[PDB]
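Trainee: Below is the structure I would like to discuss, written out as structure tokens.
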Amino acid sequence: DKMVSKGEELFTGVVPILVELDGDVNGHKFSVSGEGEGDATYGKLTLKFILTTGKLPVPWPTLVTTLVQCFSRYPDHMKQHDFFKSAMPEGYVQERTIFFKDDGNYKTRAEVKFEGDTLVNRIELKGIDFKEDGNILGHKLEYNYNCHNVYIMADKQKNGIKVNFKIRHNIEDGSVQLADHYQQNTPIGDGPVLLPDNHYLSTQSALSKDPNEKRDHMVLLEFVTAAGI
């Protein structure tokens, strides 16, 4: 619906982002605070994440996906397939199950919504069955991130979307740790949304550090474009 691209209006300029993650992995508890801004016109995310509570029990790269696909650039001809924006400002619940091959898994539950002029992401994560000797707990993954595809279809029974994709986490010996992602997003609002044709997001990510941040942290720079229509 032409009108339903009022999401255009809410994501027109630069939008401040807040992310908050209460986390638990084989009993190890921790919190992450994210702040930064989005430019949906450009697919653009700039965010800085800081460990705020506990010792960080897993590699930063494993948490990227968990830590706002509303900031994805939908080309003009595809804009009527942008669910994430069509759900705002009252937002959607994102839920994921994530299996790391030969190791444990993450189950996540997130509210993404506007809280004023600001786009917020509240995240409860539990992970279980992680091999102590494995790459995750064993901290054996590079601080880099591969370009990925993200397959979307409508889940009309939930008035929302089914999402799935494989993440490739590089280990320094040239091998790869796989995270297999299963993702349902449901809206929170009682109103209509854009239910898309089958399509995907092409997602670039760049992980850096603040030279002056004394705390365990992650500065993430991410670019997402939709395609396949």
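If you're wondering about the labels, chains in the structure tokens are A, B, ... by order shown, residues count from 1 in each chain, ligands from 1 in order shown.
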Contacts of region 1-18 of chain A at 6 Å or less, counting only C-alpha atoms, minus same-chain residues fewer than 4 places along, as JSON, numbers by chain?
Mentor: {"A": [34, 35, 36, 37, 38, 39, 40, 85, 86, 118, 119, 120]}
Trainee: For the residues selected in the previous step, produce a file with N, CA and C atoms as a CSV table (one decimal), in the first residue's frame.
Mentor:
chain,number,residue,atom,x,y,z
A,34,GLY,N,24.2,-0.8,23.8
A,34,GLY,CA,24.5,-0.3,22.5
A,34,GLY,C,23.9,1.1,22.3
A,35,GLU,N,24.7,2.0,21.7
A,35,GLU,CA,24.2,3.3,21.2
A,35,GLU,C,24.9,3.7,20.0
A,36,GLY,N,24.2,4.5,19.1
A,36,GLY,CA,24.6,4.8,17.8
A,36,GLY,C,23.4,5.3,17.0
A,37,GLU,N,23.5,5.4,15.7
A,37,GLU,CA,22.4,6.0,14.8
A,37,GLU,C,22.3,5.2,13.6
A,38,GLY,N,21.1,5.2,13.0
A,38,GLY,CA,20.8,4.6,11.7
A,38,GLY,C,20.4,5.6,10.6
A,39,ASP,N,20.7,5.2,9.3
A,39,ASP,CA,20.4,6.0,8.1
A,39,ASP,C,19.8,5.1,7.1
A,40,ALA,N,18.5,4.8,7.2
A,40,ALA,CA,17.8,3.7,6.4
A,40,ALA,C,17.8,4.0,4.9
A,85,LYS,N,9.7,-1.6,8.8
A,85,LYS,CA,9.3,-0.2,8.9
A,85,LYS,C,7.8,0.0,9.0
A,86,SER,N,7.0,-0.9,8.3
A,86,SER,CA,5.5,-0.9,8.2
A,86,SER,C,5.0,-1.2,9.6
A,118,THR,N,13.6,7.8,19.3
A,118,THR,CA,14.7,6.8,19.4
A,118,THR,C,14.2,5.4,19.1
A,119,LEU,N,14.9,4.6,18.3
A,119,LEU,CA,14.6,3.2,18.0
A,119,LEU,C,15.3,2.3,19.0
A,120,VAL,N,14.6,1.5,19.7
A,120,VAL,CA,15.1,0.6,20.8
A,120,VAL,C,15.0,-0.8,20.4
Trainee: Would you pick out the contacts of region 189-204 of chain A at 10 Å or less, using only C-alpha atoms, so that residues sharing its chain but fewer than 2 positions from it are not included, and give the list as a compact mmCIF listing (two decimals) with N, CA and C atoms, in the first residue's frame?
Mentor:
# COMPACT_ATOMS: atom_id res chain seq x y z
N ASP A 1 0.86 -1.21 0.00
CA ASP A 1 0.00 0.00 0.00
C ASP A 1 0.89 1.25 0.00
N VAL A 4 1.18 2.94 3.33
CA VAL A 4 1.92 2.10 4.33
C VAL A 4 3.42 2.41 4.29
N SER A 5 3.94 3.05 3.24
CA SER A 5 5.31 3.64 3.26
C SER A 5 5.27 5.05 3.91
N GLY A 43 21.06 2.24 4.21
CA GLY A 43 21.25 0.90 4.79
C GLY A 43 22.11 0.91 6.05
N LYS A 44 22.42 2.11 6.56
CA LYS A 44 23.62 2.36 7.38
C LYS A 44 23.31 2.21 8.87
N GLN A 69 16.70 -4.56 11.67
CA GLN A 69 16.66 -4.73 10.20
C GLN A 69 15.70 -3.71 9.59
N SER A 72 17.54 -1.32 7.15
CA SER A 72 17.84 -1.84 5.79
C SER A 72 17.28 -0.88 4.73
N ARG A 73 18.08 -0.62 3.70
CA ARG A 73 17.66 0.14 2.50
C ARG A 73 16.83 -0.78 1.60
N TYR A 74 15.53 -0.50 1.49
CA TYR A 74 14.65 -1.11 0.45
C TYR A 74 14.72 -0.19 -0.76
N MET A 78 10.91 -1.82 -4.30
CA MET A 78 10.71 -2.93 -3.32
C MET A 78 10.09 -2.44 -2.01
N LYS A 79 9.90 -1.13 -1.86
CA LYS A 79 9.57 -0.46 -0.57
C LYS A 79 8.31 -1.07 0.06
N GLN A 80 7.38 -1.51 -0.77
CA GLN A 80 6.12 -2.19 -0.35
C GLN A 80 6.38 -3.61 0.20
N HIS A 81 7.63 -4.06 0.37
CA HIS A 81 7.99 -5.38 0.97
C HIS A 81 8.80 -5.17 2.26
N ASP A 82 8.82 -3.94 2.81
CA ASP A 82 9.53 -3.58 4.06
C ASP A 82 8.56 -3.70 5.24
N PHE A 83 8.52 -4.87 5.84
CA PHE A 83 7.66 -5.19 7.00
C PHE A 83 8.12 -4.36 8.19
N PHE A 84 9.42 -4.44 8.49
CA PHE A 84 10.08 -3.86 9.70
C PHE A 84 9.64 -2.42 9.90
N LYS A 85 9.70 -1.62 8.84
CA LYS A 85 9.32 -0.18 8.87
C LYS A 85 7.79 -0.05 8.99
N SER A 86 7.03 -0.91 8.30
CA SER A 86 5.54 -0.89 8.25
C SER A 86 4.95 -1.18 9.64
N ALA A 87 5.73 -1.85 10.50
CA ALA A 87 5.34 -2.26 11.87
C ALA A 87 5.50 -1.11 12.88
N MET A 88 6.20 -0.03 12.52
CA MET A 88 6.61 1.06 13.44
C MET A 88 5.55 2.16 13.45
N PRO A 89 5.45 3.04 14.49
CA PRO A 89 6.40 3.10 15.61
C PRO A 89 6.20 2.15 16.81
N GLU A 90 5.16 1.31 16.77
CA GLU A 90 4.74 0.47 17.92
C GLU A 90 5.48 -0.87 17.86
N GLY A 91 6.05 -1.22 16.70
CA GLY A 91 7.19 -2.16 16.59
C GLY A 91 6.80 -3.63 16.44
N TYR A 92 7.81 -4.49 16.37
CA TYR A 92 7.70 -5.96 16.25
C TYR A 92 8.53 -6.65 17.35
N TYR A 145 34.02 -10.14 10.18
CA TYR A 145 32.62 -10.51 9.85
C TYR A 145 32.43 -10.56 8.33
N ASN A 146 31.81 -11.65 7.88
CA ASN A 146 31.64 -11.93 6.44
C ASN A 146 30.37 -11.22 5.96
N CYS A 147 30.30 -10.95 4.66
CA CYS A 147 29.05 -10.56 3.99
C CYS A 147 28.13 -11.78 3.93
N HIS A 148 26.83 -11.58 4.18
CA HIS A 148 25.80 -12.64 4.31
C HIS A 148 24.51 -12.27 3.59
N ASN A 149 23.73 -13.29 3.27
CA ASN A 149 22.35 -13.18 2.75
C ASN A 149 21.38 -13.64 3.84
N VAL A 150 20.14 -13.13 3.76
CA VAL A 150 19.08 -13.18 4.80
C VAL A 150 17.75 -13.32 4.06
N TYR A 151 17.22 -14.54 4.05
CA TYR A 151 16.06 -14.95 3.23
C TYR A 151 14.80 -14.67 4.04
N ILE A 152 13.88 -13.91 3.45
CA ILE A 152 12.63 -13.43 4.10
C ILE A 152 11.45 -13.97 3.28
N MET A 153 10.45 -14.53 3.97
CA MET A 153 9.08 -14.69 3.42
C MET A 153 8.08 -14.26 4.49
N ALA A 154 6.87 -13.91 4.04
CA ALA A 154 5.68 -13.62 4.86
C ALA A 154 5.26 -14.89 5.63
N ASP A 155 4.89 -14.70 6.89
CA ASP A 155 4.25 -15.68 7.79
C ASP A 155 2.92 -15.03 8.17
N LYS A 156 1.89 -15.18 7.33
CA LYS A 156 0.62 -14.41 7.44
C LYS A 156 -0.18 -14.85 8.67
N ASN A 159 1.02 -12.62 11.05
CA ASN A 159 0.92 -11.24 10.48
C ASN A 159 2.33 -10.62 10.40
N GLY A 160 3.30 -11.38 9.88
CA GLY A 160 4.74 -11.09 10.03
C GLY A 160 5.57 -11.86 9.04
N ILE A 161 6.74 -12.34 9.45
CA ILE A 161 7.79 -12.88 8.53
C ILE A 161 8.54 -14.05 9.18
N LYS A 162 8.89 -15.02 8.33
CA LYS A 162 9.88 -16.10 8.57
C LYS A 162 11.20 -15.61 7.96
N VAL A 163 12.30 -15.74 8.70
CA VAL A 163 13.67 -15.35 8.24
C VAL A 163 14.63 -16.50 8.55
N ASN A 164 15.59 -16.77 7.67
CA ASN A 164 16.61 -17.84 7.88
C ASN A 164 17.90 -17.49 7.12
N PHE A 165 19.05 -17.92 7.64
CA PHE A 165 20.40 -17.71 7.03
C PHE A 165 21.48 -18.40 7.86
N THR A 186 7.03 -11.07 14.67
CA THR A 186 5.58 -10.72 14.81
C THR A 186 5.45 -9.24 15.14
N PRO A 187 4.43 -8.51 14.62
CA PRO A 187 4.19 -7.13 15.03
C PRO A 187 3.56 -7.06 16.43
N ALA A 206 31.50 -4.47 9.56
CA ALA A 206 32.88 -4.07 9.91
C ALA A 206 32.98 -3.91 11.44
N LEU A 221 29.85 -1.43 12.25
CA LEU A 221 29.52 -0.57 11.09
C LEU A 221 28.91 -1.52 10.06
N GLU A 222 27.64 -1.34 9.73
CA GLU A 222 26.85 -2.38 9.04
C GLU A 222 26.06 -1.74 7.91
N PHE A 223 25.98 -2.41 6.76
CA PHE A 223 25.28 -1.93 5.54
C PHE A 223 24.37 -3.04 4.97
N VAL A 224 23.06 -2.77 4.93
CA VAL A 224 22.04 -3.77 4.50
C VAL A 224 21.19 -3.21 3.35
N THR A 225 21.16 -3.97 2.25
CA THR A 225 20.33 -3.68 1.06
C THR A 225 19.46 -4.90 0.76
N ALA A 226 18.19 -4.67 0.42
CA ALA A 226 17.22 -5.69 -0.04
C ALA A 226 17.37 -5.89 -1.56
N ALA A 227 16.88 -7.03 -2.09
CA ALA A 227 17.07 -7.55 -3.47
C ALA A 227 16.20 -8.79 -3.73
N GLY A 228 16.08 -9.20 -5.00
CA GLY A 228 15.36 -10.42 -5.45
C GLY A 228 13.89 -10.18 -5.78
N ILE A 229 13.55 -9.07 -6.46
CA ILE A 229 12.19 -8.78 -7.00
C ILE A 229 12.35 -8.02 -8.33
Trainee: Please run DSSP on the backbone and report, as a PDB file with N, CA, C and O atoms, in the first residue's frame, all residues within region 104-161 of chain A that come out as strand (DSSP E).
Mentor:
ATOM      1  N   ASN A 105      23.699 -23.596  21.401  1.00  0.00           N
ATOM      2  CA  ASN A 105      22.753 -22.747  20.626  1.00  0.00           C
ATOM      3  C   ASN A 105      22.281 -21.547  21.459  1.00  0.00           C
ATOM      4  O   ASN A 105      22.259 -21.631  22.713  1.00  0.00           O
ATOM      5  N   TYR A 106      21.886 -20.480  20.770  1.00  0.00           N
ATOM      6  CA  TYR A 106      21.272 -19.260  21.355  1.00  0.00           C
ATOM      7  C   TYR A 106      19.770 -19.268  21.048  1.00  0.00           C
ATOM      8  O   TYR A 106      19.374 -19.511  19.884  1.00  0.00           O
ATOM      9  N   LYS A 107      18.953 -19.023  22.066  1.00  0.00           N
ATOM     10  CA  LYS A 107      17.511 -18.691  21.891  1.00  0.00           C
ATOM     11  C   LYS A 107      17.351 -17.240  22.346  1.00  0.00           C
ATOM     12  O   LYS A 107      17.887 -16.929  23.408  1.00  0.00           O
ATOM     13  N   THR A 108      16.739 -16.377  21.530  1.00  0.00           N
ATOM     14  CA  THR A 108      16.627 -14.914  21.789  1.00  0.00           C
ATOM     15  C   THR A 108      15.176 -14.442  21.692  1.00  0.00           C
ATOM     16  O   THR A 108      14.403 -15.059  20.950  1.00  0.00           O
ATOM     17  N   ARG A 109      14.849 -13.362  22.394  1.00  0.00           N
ATOM     18  CA  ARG A 109      13.521 -12.701  22.329  1.00  0.00           C
ATOM     19  C   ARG A 109      13.732 -11.193  22.517  1.00  0.00           C
ATOM     20  O   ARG A 109      14.215 -10.766  23.579  1.00  0.00           O
ATOM     21  N   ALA A 110      13.389 -10.422  21.495  1.00  0.00           N
ATOM     22  CA  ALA A 110      13.657  -8.976  21.401  1.00  0.00           C
ATOM     23  C   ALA A 110      12.366  -8.214  21.082  1.00  0.00           C
ATOM     24  O   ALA A 110      11.587  -8.682  20.227  1.00  0.00           O
ATOM     25  N   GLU A 111      12.151  -7.085  21.763  1.00  0.00           N
ATOM     26  CA  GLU A 111      11.178  -6.045  21.348  1.00  0.00           C
ATOM     27  C   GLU A 111      11.980  -4.968  20.629  1.00  0.00           C
ATOM     28  O   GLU A 111      12.955  -4.497  21.225  1.00  0.00           O
ATOM     29  N   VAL A 112      11.613  -4.673  19.376  1.00  0.00           N
ATOM     30  CA  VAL A 112      12.114  -3.507  18.593  1.00  0.00           C
ATOM     31  C   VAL A 112      10.946  -2.543  18.411  1.00  0.00           C
ATOM     32  O   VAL A 112       9.941  -2.953  17.828  1.00  0.00           O
ATOM     33  N   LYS A 113      11.087  -1.312  18.902  1.00  0.00           N
ATOM     34  CA  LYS A 113      10.037  -0.265  18.814  1.00  0.00           C
ATOM     35  C   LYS A 113      10.660   1.118  19.009  1.00  0.00           C
ATOM     36  O   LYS A 113      11.804   1.220  19.517  1.00  0.00           O
ATOM     37  N   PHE A 114       9.912   2.148  18.629  1.00  0.00           N
ATOM     38  CA  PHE A 114      10.221   3.551  18.978  1.00  0.00           C
ATOM     39  C   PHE A 114       9.877   3.800  20.445  1.00  0.00           C
ATOM     40  O   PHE A 114       8.786   3.466  20.933  1.00  0.00           O
ATOM     41  N   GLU A 115      10.826   4.408  21.133  1.00  0.00           N
ATOM     42  CA  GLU A 115      10.634   4.989  22.475  1.00  0.00           C
ATOM     43  C   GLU A 115      10.996   6.470  22.327  1.00  0.00           C
ATOM     44  O   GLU A 115      12.158   6.841  22.591  1.00  0.00           O
ATOM     45  N   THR A 118      13.580   7.788  19.350  1.00  0.00           N
ATOM     46  CA  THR A 118      14.690   6.800  19.414  1.00  0.00           C
ATOM     47  C   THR A 118      14.170   5.386  19.106  1.00  0.00           C
ATOM     48  O   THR A 118      13.082   5.016  19.590  1.00  0.00           O
ATOM     49  N   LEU A 119      14.935   4.620  18.321  1.00  0.00           N
ATOM     50  CA  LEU A 119      14.616   3.211  17.965  1.00  0.00           C
ATOM     51  C   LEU A 119      15.334   2.298  18.957  1.00  0.00           C
ATOM     52  O   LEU A 119      16.589   2.366  19.021  1.00  0.00           O
ATOM     53  N   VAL A 120      14.572   1.463  19.672  1.00  0.00           N
ATOM     54  CA  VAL A 120      15.091   0.641  20.800  1.00  0.00           C
ATOM     55  C   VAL A 120      14.999  -0.850  20.447  1.00  0.00           C
ATOM     56  O   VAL A 120      14.044  -1.238  19.754  1.00  0.00           O
ATOM     57  N   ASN A 121      15.948  -1.631  20.973  1.00  0.00           N
ATOM     58  CA  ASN A 121      16.050  -3.104  20.845  1.00  0.00           C
ATOM     59  C   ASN A 121      16.350  -3.705  22.228  1.00  0.00           C
ATOM     60  O   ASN A 121      17.505  -3.613  22.690  1.00  0.00           O
ATOM     61  N   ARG A 122      15.334  -4.279  22.873  1.00  0.00           N
ATOM     62  CA  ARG A 122      15.429  -4.956  24.197  1.00  0.00           C
ATOM     63  C   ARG A 122      15.597  -6.458  23.951  1.00  0.00           C
ATOM     64  O   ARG A 122      14.744  -7.025  23.278  1.00  0.00           O
ATOM     65  N   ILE A 123      16.639  -7.079  24.496  1.00  0.00           N
ATOM     66  CA  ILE A 123      17.017  -8.478  24.148  1.00  0.00           C
ATOM     67  C   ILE A 123      17.266  -9.291  25.420  1.00  0.00           C
ATOM     68  O   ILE A 123      18.178  -8.922  26.160  1.00  0.00           O
ATOM     69  N   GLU A 124      16.480 -10.356  25.635  1.00  0.00           N
ATOM     70  CA  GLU A 124      16.779 -11.495  26.555  1.00  0.00           C
ATOM     71  C   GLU A 124      17.375 -12.612  25.687  1.00  0.00           C
ATOM     72  O   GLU A 124      16.718 -12.974  24.684  1.00  0.00           O
ATOM     73  N   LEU A 125      18.578 -13.089  26.035  1.00  0.00           N
ATOM     74  CA  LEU A 125      19.284 -14.244  25.406  1.00  0.00           C
ATOM     75  C   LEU A 125      19.650 -15.271  26.488  1.00  0.00           C
ATOM     76  O   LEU A 125      20.275 -14.862  27.490  1.00  0.00           O
ATOM     77  N   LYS A 126      19.263 -16.539  26.281  1.00  0.00           N
ATOM     78  CA  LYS A 126      19.842 -17.733  26.948  1.00  0.00           C
ATOM     79  C   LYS A 126      20.530 -18.569  25.872  1.00  0.00           C
ATOM     80  O   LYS A 126      19.930 -18.732  24.777  1.00  0.00           O
ATOM     81  N   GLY A 127      21.740 -19.048  26.177  1.00  0.00           N
ATOM     82  CA  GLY A 127      22.447 -20.100  25.416  1.00  0.00           C
ATOM     83  C   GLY A 127      22.753 -21.303  26.301  1.00  0.00           C
ATOM     84  O   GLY A 127      22.962 -21.104  27.534  1.00  0.00           O
ATOM     85  N   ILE A 128      22.749 -22.507  25.720  1.00  0.00           N
ATOM     86  CA  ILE A 128      22.911 -23.788  26.471  1.00  0.00           C
ATOM     87  C   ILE A 128      23.705 -24.797  25.625  1.00  0.00           C
ATOM     88  O   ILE A 128      23.669 -24.702  24.371  1.00  0.00           O
ATOM     89  N   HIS A 148      26.828 -11.584   4.175  1.00  0.00           N
ATOM     90  CA  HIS A 148      25.798 -12.644   4.314  1.00  0.00           C
ATOM     91  C   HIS A 148      24.508 -12.269   3.590  1.00  0.00           C
ATOM     92  O   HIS A 148      24.227 -11.071   3.386  1.00  0.00           O
ATOM     93  N   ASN A 149      23.728 -13.294   3.270  1.00  0.00           N
ATOM     94  CA  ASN A 149      22.348 -13.181   2.755  1.00  0.00           C
ATOM     95  C   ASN A 149      21.376 -13.640   3.838  1.00  0.00           C
ATOM     96  O   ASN A 149      21.787 -14.420   4.710  1.00  0.00           O
ATOM     97  N   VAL A 150      20.144 -13.129   3.759  1.00  0.00           N
ATOM     98  CA  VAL A 150      19.080 -13.179   4.803  1.00  0.00           C
ATOM     99  C   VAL A 150      17.755 -13.320   4.062  1.00  0.00           C
ATOM    100  O   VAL A 150      17.288 -12.296   3.501  1.00  0.00           O
ATOM    101  N   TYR A 151      17.218 -14.540   4.050  1.00  0.00           N
ATOM    102  CA  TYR A 151      16.058 -14.954   3.234  1.00  0.00           C
ATOM    103  C   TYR A 151      14.800 -14.670   4.043  1.00  0.00           C
ATOM    104  O   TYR A 151      14.721 -15.097   5.202  1.00  0.00           O
ATOM    105  N   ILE A 152      13.880 -13.912   3.449  1.00  0.00           N
ATOM    106  CA  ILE A 152      12.625 -13.433   4.096  1.00  0.00           C
ATOM    107  C   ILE A 152      11.448 -13.973   3.281  1.00  0.00           C
ATOM    108  O   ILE A 152      11.487 -13.865   2.034  1.00  0.00           O
ATOM    109  N   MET A 153      10.449 -14.533   3.971  1.00  0.00           N
ATOM    110  CA  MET A 153       9.080 -14.686   3.424  1.00  0.00           C
ATOM    111  C   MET A 153       8.082 -14.256   4.491  1.00  0.00           C
ATOM    112  O   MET A 153       8.476 -14.184   5.669  1.00  0.00           O
ATOM    113  N   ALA A 154       6.874 -13.912   4.038  1.00  0.00           N
ATOM    114  CA  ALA A 154       5.683 -13.622   4.864  1.00  0.00           C
ATOM    115  C   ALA A 154       5.259 -14.886   5.631  1.00  0.00           C
ATOM    116  O   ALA A 154       5.280 -15.996   5.066  1.00  0.00           O
ATOM    117  N   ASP A 155       4.894 -14.696   6.894  1.00  0.00           N
ATOM    118  CA  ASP A 155       4.248 -15.682   7.791  1.00  0.00           C
ATOM    119  C   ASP A 155       2.919 -15.031   8.169  1.00  0.00           C
ATOM    120  O   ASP A 155       2.897 -14.322   9.175  1.00  0.00           O
ATOM    121  N   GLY A 160       3.301 -11.378   9.884  1.00  0.00           N
ATOM    122  CA  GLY A 160       4.736 -11.086  10.035  1.00  0.00           C
ATOM    123  C   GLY A 160       5.567 -11.858   9.043  1.00  0.00           C
ATOM    124  O   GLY A 160       5.117 -12.001   7.924  1.00  0.00           O
ATOM    125  N   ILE A 161       6.744 -12.337   9.451  1.00  0.00           N
ATOM    126  CA  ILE A 161       7.792 -12.876   8.533  1.00  0.00           C
ATOM    127  C   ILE A 161       8.537 -14.054   9.178  1.00  0.00           C
ATOM    128  O   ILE A 161       8.744 -14.058  10.417  1.00  0.00           O
TER     129      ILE A 161
END
Trainee: I'd like the contact shell of residue 179 (chain A) - 9 Å cut-off, only C-alpha atoms, skipping same-chain residues fewer than 3 positions apart - returned as a list in words.
Mentor: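 Contacts, in chain order: residues 62, 98, 99, 100, 101, 105, 165, 166, 167, 168 and 169 of chain A.
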Trainee: With N, CA, C and O atoms kept, could you save the residues just selected as a JSON list (two decimals), in the first residue's frame?
Mentor:
[["chain", "number", "residue", "atom", "x", "y", "z"],
["A", 62, "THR", "N", 29.73, -13.40, 17.68],
["A", 62, "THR", "CA", 28.58, -14.32, 17.86],
["A", 62, "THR", "C", 27.31, -13.52, 18.21],
["A", 62, "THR", "O", 26.21, -14.05, 17.98],
["A", 98, "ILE", "N", 19.39, -20.19, 17.12],
["A", 98, "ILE", "CA", 20.72, -20.06, 16.47],
["A", 98, "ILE", "C", 21.53, -21.27, 16.91],
["A", 98, "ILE", "O", 21.87, -21.33, 18.11],
["A", 99, "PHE", "N", 21.82, -22.19, 15.99],
["A", 99, "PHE", "CA", 22.61, -23.41, 16.29],
["A", 99, "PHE", "C", 24.01, -23.23, 15.74],
["A", 99, "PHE", "O", 24.17, -23.09, 14.52],
["A", 100, "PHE", "N", 25.00, -23.22, 16.62],
["A", 100, "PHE", "CA", 26.43, -23.26, 16.26],
["A", 100, "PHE", "C", 26.83, -24.73, 16.04],
["A", 100, "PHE", "O", 26.75, -25.48, 17.02],
["A", 101, "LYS", "N", 27.21, -25.08, 14.80],
["A", 101, "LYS", "CA", 27.50, -26.47, 14.35],
["A", 101, "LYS", "C", 28.58, -27.04, 15.28],
["A", 101, "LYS", "O", 29.58, -26.32, 15.53],
["A", 105, "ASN", "N", 23.70, -23.60, 21.40],
["A", 105, "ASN", "CA", 22.75, -22.75, 20.63],
["A", 105, "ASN", "C", 22.28, -21.55, 21.46],
["A", 105, "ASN", "O", 22.26, -21.63, 22.71],
["A", 165, "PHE", "N", 19.05, -17.92, 7.64],
["A", 165, "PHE", "CA", 20.40, -17.71, 7.03],
["A", 165, "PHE", "C", 21.48, -18.40, 7.86],
["A", 165, "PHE", "O", 21.30, -18.62, 9.07],
["A", 166, "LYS", "N", 22.59, -18.71, 7.19],
["A", 166, "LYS", "CA", 23.80, -19.28, 7.82],
["A", 166, "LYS", "C", 24.81, -18.14, 8.00],
["A", 166, "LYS", "O", 25.11, -17.44, 7.01],
["A", 167, "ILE", "N", 25.30, -17.92, 9.21],
["A", 167, "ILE", "CA", 26.48, -17.04, 9.47],
["A", 167, "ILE", "C", 27.76, -17.89, 9.41],
["A", 167, "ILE", "O", 27.78, -18.98, 9.98],
["A", 168, "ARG", "N", 28.78, -17.35, 8.76],
["A", 168, "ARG", "CA", 30.17, -17.88, 8.70],
["A", 168, "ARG", "C", 31.05, -17.02, 9.62],
["A", 168, "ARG", "O", 31.32, -15.85, 9.25],
["A", 169, "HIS", "N", 31.46, -17.58, 10.77],
["A", 169, "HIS", "CA", 32.44, -17.00, 11.73],
["A", 169, "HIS", "C", 33.84, -17.57, 11.47],
["A", 169, "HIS", "O", 34.07, -18.75, 11.79]]
Trainee: Give the helix (DSSP H, G or I) residues of region 14-228 of chain A, as assigned by DSSP on the backbone, as a PyMOL selection string.
Mentor: chain A and resi 60-62+69-71+76-81+83-86+156-158
Trainee: Write the residues of the selection above to a file with N, CA, C and O atoms, as a tab-separated table (two decimals), in the first residue's frame.
Mentor:
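For reference, part-v9.tsv as written:
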chain	number	residue	atom	x	y	z
A	60	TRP	N	32.48	-11.50	20.61
A	60	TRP	CA	31.62	-10.38	20.15
A	60	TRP	C	30.95	-10.79	18.83
A	60	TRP	O	29.76	-10.60	18.65
A	61	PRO	N	31.68	-11.35	17.85
A	61	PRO	CA	31.08	-11.66	16.56
A	61	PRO	C	29.83	-12.55	16.65
A	61	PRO	O	28.96	-12.42	15.80
A	62	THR	N	29.73	-13.40	17.68
A	62	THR	CA	28.58	-14.32	17.86
A	62	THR	C	27.31	-13.52	18.21
A	62	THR	O	26.21	-14.05	17.98
A	69	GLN	N	16.70	-4.56	11.67
A	69	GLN	CA	16.66	-4.73	10.20
A	69	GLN	C	15.70	-3.71	9.59
A	69	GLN	O	15.59	-3.68	8.35
A	70	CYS	N	15.05	-2.87	10.41
A	70	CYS	CA	14.28	-1.69	9.94
A	70	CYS	C	15.23	-0.70	9.24
A	70	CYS	O	14.78	-0.04	8.30
A	71	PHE	N	16.51	-0.65	9.61
A	71	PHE	CA	17.48	0.31	9.01
A	71	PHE	C	17.97	-0.14	7.62
A	71	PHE	O	18.75	0.62	7.00
A	76	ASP	N	13.46	1.69	-4.00
A	76	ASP	CA	12.12	2.30	-4.21
A	76	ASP	C	11.11	1.28	-4.76
A	76	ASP	O	9.96	1.30	-4.30
A	77	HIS	N	11.53	0.44	-5.71
A	77	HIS	CA	10.67	-0.55	-6.40
A	77	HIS	C	10.27	-1.70	-5.47
A	77	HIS	O	9.38	-2.47	-5.85
A	78	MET	N	10.91	-1.82	-4.30
A	78	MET	CA	10.71	-2.93	-3.32
A	78	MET	C	10.09	-2.44	-2.01
A	78	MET	O	9.85	-3.29	-1.13
A	79	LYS	N	9.90	-1.13	-1.86
A	79	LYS	CA	9.57	-0.46	-0.57
A	79	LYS	C	8.31	-1.07	0.06
A	79	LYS	O	8.26	-1.18	1.28
A	80	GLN	N	7.38	-1.51	-0.77
A	80	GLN	CA	6.12	-2.19	-0.35
A	80	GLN	C	6.38	-3.61	0.20
A	80	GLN	O	5.38	-4.29	0.47
A	81	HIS	N	7.63	-4.06	0.37
A	81	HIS	CA	7.99	-5.38	0.97
A	81	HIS	C	8.80	-5.17	2.26
A	81	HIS	O	9.39	-6.16	2.76
A	83	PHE	N	8.52	-4.87	5.84
A	83	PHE	CA	7.66	-5.19	7.00
A	83	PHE	C	8.12	-4.36	8.19
A	83	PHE	O	7.28	-3.66	8.79
A	84	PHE	N	9.42	-4.44	8.49
A	84	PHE	CA	10.08	-3.86	9.70
A	84	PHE	C	9.64	-2.42	9.90
A	84	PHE	O	9.27	-2.07	11.03
A	85	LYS	N	9.70	-1.62	8.84
A	85	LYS	CA	9.32	-0.18	8.87
A	85	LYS	C	7.79	-0.05	8.99
A	85	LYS	O	7.35	0.89	9.68
A	86	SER	N	7.03	-0.91	8.30
A	86	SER	CA	5.54	-0.89	8.25
A	86	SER	C	4.95	-1.18	9.64
A	86	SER	O	3.81	-0.74	9.90
A	156	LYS	N	1.89	-15.18	7.33
A	156	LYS	CA	0.62	-14.41	7.44
A	156	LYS	C	-0.18	-14.85	8.67
A	156	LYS	O	-0.93	-14.01	9.17
A	157	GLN	N	-0.02	-16.09	9.14
A	157	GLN	CA	-0.72	-16.59	10.36
A	157	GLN	C	-0.26	-15.75	11.57
A	157	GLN	O	-1.12	-15.49	12.42
A	158	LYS	N	1.00	-15.30	11.60
A	158	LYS	CA	1.60	-14.42	12.66
A	158	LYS	C	1.53	-12.94	12.26
A	158	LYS	O	1.96	-12.10	13.08
Trainee: Mind giving me the straight-line distance from CA of residue 117 (chain A) to CA of residue 217 (chain A) in Å, one decimal?
Mentor: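 Between CA of residue 117 (chain A) and CA of residue 217 (chain A) the gap works out to 25.4 Å.
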Trainee: So which residues touch residue 170 (chain A) within 8 Å, counting only C-alpha atoms, skipping near sequence neighbours fewer than 3 positions away, as a ChimeraX atom specification?
Mentor: /A:141-142,144-145,174-177
Trainee: Record the distance separating CA of residue 19 (chain A) and CA of residue 214 (chain A), expressed in Å with one decimal.
Mentor: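 Separation between CA of residue 19 (chain A) and CA of residue 214 (chain A): 20.1 Å.
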Trainee: Out of A:171, A:67, A:25, A:51, which residue has the shortest atom-to-atom distance to residue 104 (chain A) when counting only C-alpha atoms?
Mentor: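 Of A:171, A:67, A:25, A:51, the one nearest residue 104 (chain A) is A:25, counting only C-alpha atoms.
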